[PDB]
Amino acid sequence: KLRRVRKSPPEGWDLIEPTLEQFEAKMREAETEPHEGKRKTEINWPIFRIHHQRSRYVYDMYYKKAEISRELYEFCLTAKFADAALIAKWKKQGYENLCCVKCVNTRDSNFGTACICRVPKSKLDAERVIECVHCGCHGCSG
Amino acid sequence: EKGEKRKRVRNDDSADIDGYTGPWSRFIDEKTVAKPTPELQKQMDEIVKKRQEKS
Amino acid sequence: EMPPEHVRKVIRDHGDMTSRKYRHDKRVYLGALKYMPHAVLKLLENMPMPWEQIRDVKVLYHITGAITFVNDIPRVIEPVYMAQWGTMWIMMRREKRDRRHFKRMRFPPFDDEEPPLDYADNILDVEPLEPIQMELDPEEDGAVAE
Amino acid sequence: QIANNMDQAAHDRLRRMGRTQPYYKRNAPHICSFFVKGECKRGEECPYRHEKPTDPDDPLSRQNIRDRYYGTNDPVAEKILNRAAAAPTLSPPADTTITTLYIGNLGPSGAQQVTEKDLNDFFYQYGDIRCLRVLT
Amino acid sequence: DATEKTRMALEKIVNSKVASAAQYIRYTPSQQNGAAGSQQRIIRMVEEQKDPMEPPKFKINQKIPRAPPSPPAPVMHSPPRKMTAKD
Amino acid sequence: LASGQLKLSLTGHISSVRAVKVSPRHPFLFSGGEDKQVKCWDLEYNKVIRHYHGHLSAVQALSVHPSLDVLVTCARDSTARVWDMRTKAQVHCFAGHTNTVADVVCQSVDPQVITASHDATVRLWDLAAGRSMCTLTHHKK
Amino acid sequence: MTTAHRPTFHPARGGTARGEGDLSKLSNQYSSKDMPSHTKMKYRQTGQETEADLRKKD
Amino acid sequence: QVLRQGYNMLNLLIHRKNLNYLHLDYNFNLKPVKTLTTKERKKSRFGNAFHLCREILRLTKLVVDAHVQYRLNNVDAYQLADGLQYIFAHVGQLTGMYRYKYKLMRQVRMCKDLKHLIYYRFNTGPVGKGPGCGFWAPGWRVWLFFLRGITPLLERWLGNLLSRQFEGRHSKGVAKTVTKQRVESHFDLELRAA
């Protein structure tokens, strides 16, 4: 990754490097863990889950905590440490807990609806438990 | 009428590499595995055996 | 766009397609065959130029792993590109002038029974050795060097 | 064959045994095999049903689409036909000299009672009444 | 009028032959026990997405006898002309 | 026509040419033959631009529709076949007759196709539907 | 007796091959010449001695 | 991936036909694993769609393996570039493509012509004969323009291969045309019919 961004990490990369380096360890384990004893839908879920976490950590450091400068935050977007297109959603009102961009692509669904996990729980038959097939998200709206 | 929800074990600490559960927060109630009672097991054990005894 | 690891996982799990777990997908895997010459064409078009040690390419991949299409068209500014290959002519001549023995690589580079390598296990972590690049002079070539 | 069948008596026999209410339970999910195995690892997220299978000795568990379509050896058909045949019926007595029918459930006397004209109009439809006796 | 009517009628063939190699429906069922209280259903019919990478699904190398001909047209001849044994 | 002089001899059928029609609306000559071929000759090049393949035996006759871009052809295979003049697609096969179809003629109104056969019938065809809506049995031979 | 080496005494018939009687019965294998070709239709020019004008032209 | 895909995808076609006595090795050579009966050797005779696809995948593997060797740090950038240069000049000697498409001799010639063009300008002065001429771009381009036109051809051909492999072969009662030897028997048909 860092080879492919040419400039050096700008300012306080040491604050985020040990955490990002742990997400890398997580992601490689998720790639190589056996697909046996798991649903054909389940095995992809940790990938989307870890990719959500890592993007969320970079995002929270810059926006909520302000512990990294914009140049270091934008560096993480440039170095593909965080998905700019997922962070682009968490800025939108009503999307601030979105699990993955695949769940808001309405075009890919049979009827042109969003994913069911995007329905607010108060609008469900709220005893109902959800695990959406795209990522196992139980509900990510309200 | 003219026309409560459960609570979820949220841990939105994004740095908590092991502990974070964003959208994947379970309900605190959530019965993540279901197994029949031993009475129902014994009935259903013979059912699969009768199916398998066709051989 | 979505995580690189998704297609990697999918491809790795579907494996050699002998397992019955993905028996449903075998028929999709065959139907992709008529579009395989397209995937070859788009891949070789996007092959890195020798001054690039890695090129990242946009891919469009079947959700089931069946085919990967390199979705780019690689476009160049032809003075920059004529120039970039101009420097290659200089460097490669200078190497062939100056190398004692130029061992050409052996073809095929892998044996007929050698199974293909996995990018993640063998090639992702080994840092690439340097490309062919002319050392541009920062004073004379300063309009272009950076 | 079926567009033009006219046995109105057979139509009545069918009407009087067809289920009137729509039975919706035949659209519930399949029973969860992992729950039959005792190991449903999805818990309350499982869409499939967590309940007793049909006992495999009951012939209703062993059905074939071809049997049910062509109408041969269908278990549920035989369970219907038997119970429809077991229903009680009128049948005339061996006394071939008898041509009398008792009629009942006429209600009490007064405004609830059927008139003799009521039986006259309903029953002269079928044949020539020799006598009608009313017992209000 | 005949040319245009016939043209578009066989255009539908050839276009669908060289291609061979929201919307709703309001439904008034006759089984009036019905949907709850309703003389009519209304349903959204979406079209299921075809996978472009999926090959032809089913065998069509089957062969079966032709449909029997349309029933005999009466033969409508002039009466037989008698052949002599000389003929 | 006026002087009888042979302008051109066009060669290209494998065997006997036995249907020939000049299109009323196109610079095309259509021809078919005992070799099962049906050929469109572009008279602006004197060359076979299109083939219509599907006949199983000798093409007996063909007729070019007066107002559609449609060609109909008979054969010994007891079918008349209707062709899209442009895409060469077989828009209909008139599988009514029971012996070789000897003649066909086209017109703009219904019946757009009329066919004669060695089964001694004449048939009138609905060219939209592709079904014979009359059979004239009156011929003995 | 030899009888396999017989001619067509019996009549030929057809009209039931691939894609005849139903447009879905075309197999997706199609012949090399079935490609689209000559798709712009030519027509005869105006004033070609057309029938009604020819009739006028006694 | 494209090599894994293509390799898997040709293997499935072998196994779809139950030709389990053939083996497709990883460089895409198709080896019979046993001596073939007349039945087996007839039944397993794949045509030019399978093999031209297989040989295009062979070429692709030569290219990607040249890059993989570089990326394993066991070839340098100069040997990669010379290696790519060699591949695209000698496609007609590292692959069997010409067997399934003799018109490809047009491109084989053209990459031989560009090599003489490039080398005699490259090998000038102290730069002598021998390996190292890695200016691979002219040779590479030739095969991309080959692929431009072969892509729709194989798309159609592999479609026809697949469709009869899935739909079956409908071709009963297709009109057999009349050709050189068949003319004289066809004249006698139509004579006797008339």
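Letters A, B, C, D, E, F, G and H mark the chains as written, and numbering starts fresh at 1 in each.
In the analysis below, contacts are C-beta pairs under 8 Å (C-beta built on N, C-alpha and C of every residue); 3 or more make two chains touch, one makes a residue touch a chain.
Shared contact partners of chain C and chain G, listed by label: E, H.
The greatest centre-to-centre gap from chain C, using C-alpha centroids, is found for D.
With centres taken as mean Cα positions, chain E sits 51 Å from chain B. If each chain is reduced to the centroid of its CA atoms, chain B and chain D end up 42 Å from each other.
In this assembly, the C-alpha centroid of chain D lies 70 Å from the C-alpha centroid of chain H.
Each of residues 13, 17-18, 55-56, 60-61, 66 in chain E touches at least two other chains.
Multi-chain contact residues of chain H, defined as those touching 2 or more other chains: 159, 162-163, 165-170, 172-173, 189, 193. Residue positions of chain G touching 2 or more other chains, listed in rising order: 14-17, 19, 21, 25, 27-30, 34, 36. Two chains count as a pair here when they touch; such pairs are A-B, A-C, A-D, A-E, B-D, C-E, C-H, D-E, E-F, E-G, E-H, F-G, F-H, G-H. Contact residues of chain F toward chain H in the complex are 14-16, 34-37, 53-58, 76, 100.
Within the complex, the chain D residues that touch chain E are 20-22. For chain B in complex with chain D, the touching residues are 30-36, 40-41, 43-44, 47-48, 50-51. On the side of chain G, the complex with chain H involves touching residues 7-8, 14, 16-18, 25, 27-30. Looking at the complex, you find that chain F touches chain E at residues 67-68, 70, 82, 84, 87, 89-92, 95-96, 98, 108-110, 112, 121, 127-129, 132, 135-138, 140.
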